[PDB]
Amino acid sequence: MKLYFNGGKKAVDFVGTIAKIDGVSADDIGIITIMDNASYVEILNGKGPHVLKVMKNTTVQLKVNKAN
């Protein structure tokens with residue numbers, strides 16, 4: 001599942017808060033895409049919904065939402 005964060009040009013950063021989420025590790029972090037005013041990262045192994053809910057409560061406080 002692709003998860004958007006309102007942070008872009010204007011990867012190591014998102015691997016690092018996401019990798020510390022309960023029940024998640026680097027192996028659940030897929031491709032990272034960076035655009036001008038937004039970025040998204042593919043969350044693997046069905047953990048997308050979980051990562052999104054946890055990130056709504058986790059500071060790095062970016063606005064997160066499901067791409068799809």
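Note that these values count all heavy atoms, side chains included, but never hydrogens, waters or copies made by symmetry. Positions are given from 1 along the sequence.
Closest approach of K47 and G23 over heavy atoms only: NZ-O, 2.9 Å. What you find for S39 and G7 is that their closest heavy atoms are OG-O, 2.6 Å. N6 and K63 get closest at one heavy-atom pair: OD1-N, 2.9 Å.
One finds the CD atom of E42 at 8.0 Å from the CG atom of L3 (value rounded to the nearest 0.5 Å). To the nearest 0.5 Å, the span separating CZ on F5 from CG on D13 amounts to 8.0 Å. Distance check, rounded to the nearest 0.5 Å: NZ of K56 to CD of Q61 gives 9.0 Å.
Listed by first then second residue, pairs satisfying ring-ring contact (aromatic ring centres under 6.0 Å, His included) with a partner in residues 24-68 read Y4-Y40, not counting sequence neighbours.
Open room surrounds NZ on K2; 12 or fewer heavy atoms of other groups in view lie less than 6.0 Å from it. Heavy-atom neighbours of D36 CG from other residues, nucleotides or ligands within 6.0 Å: above the threshold of 12.
The shortest distance between side-chain heavy atoms of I43 and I18 falls below 4.5 Å. No side-chain heavy atom of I21 sits under 4.5 Å from any side-chain heavy atom of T58. Using a 4.5 Å heavy-atom threshold, the side chains of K66 and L52 count as touching. Using a 4.5 Å heavy-atom threshold, the side chains of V41 and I29 count as touching.
Cluster annotation: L62 and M35 are assigned to distinct hydrophobic clusters (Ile/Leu/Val/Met/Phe/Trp/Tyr, side-chain heavy-atom contacts under 4.5 Å, transitive). Under a hydrophobic-cluster definition in which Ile, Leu, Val, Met, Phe, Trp and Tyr are linked whenever side-chain heavy atoms come within less than 4.5 Å, directly or via other members, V24 and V60 are assigned to the same cluster. Side-chain heavy atoms closer than 4.5 Å link hydrophobic residues (I, L, V, M, F, W, Y) into clusters, and following such links, possibly through other members, connects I34 to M1. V51 and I32 fall within a single hydrophobic cluster, where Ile, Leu, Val, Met, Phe, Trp and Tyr are joined by side-chain heavy atoms under 4.5 Å apart, directly or via other members.
Under the salt bridge (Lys or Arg N to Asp or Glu O under 4.0 Å) criterion, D27 pairs with no residue, sequence neighbours left out.
Looking only at distances, no side-chain donor or acceptor of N45 sits under 3.5 Å from a matching main-chain atom of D28.
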